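Be aware that the sequence shown starts at 2, since it is given in the working numbering, and climbs by one per residue. Even for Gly, the Cβ is constructed at its ideal location relative to N, Cα and C. Structure, as structure tokens:
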Amino acid sequence: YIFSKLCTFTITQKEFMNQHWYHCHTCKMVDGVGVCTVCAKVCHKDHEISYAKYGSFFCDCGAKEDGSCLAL
Ligand SMILES: [Zn+2]
Ligand SMILES: [Zn+2]
Ligand SMILES: [Zn+2]
């Protein structure tokens, strides 16, 4: 995919690609909902996060329609 340092939603939109992603128990982003590597570091700093898996995914942090993601 393209080079970017931002949230991978930048790359995927609501289509999917293989990537590492995380759960956030603080934000109740669990099961099939989670966050990309950038958002885990930035938007969820000091939250209770955990590794989910590597697989087909788009970032639900970047996808939040209120624009609260800090990683574009
Ligand atoms: Zn993200
Ligand atoms: Zn969180
Ligand atoms: Zn984010």
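{"Item": "Contact under 8 Å by Cβ, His-48 with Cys-70", "Value": "no"}
{"Item": "Alpha helix (DSSP H) segment containing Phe-10, residue limits", "Value": "10 to 13"}
{"Item": "Reduced DSSP category for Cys-40 - H, G, I as helix; E, B as strand; rest coil", "Value": "helix"}
{"Item": "Reduced DSSP category for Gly-35 - H, G, I as helix; E, B as strand; rest coil", "Value": "coil"}
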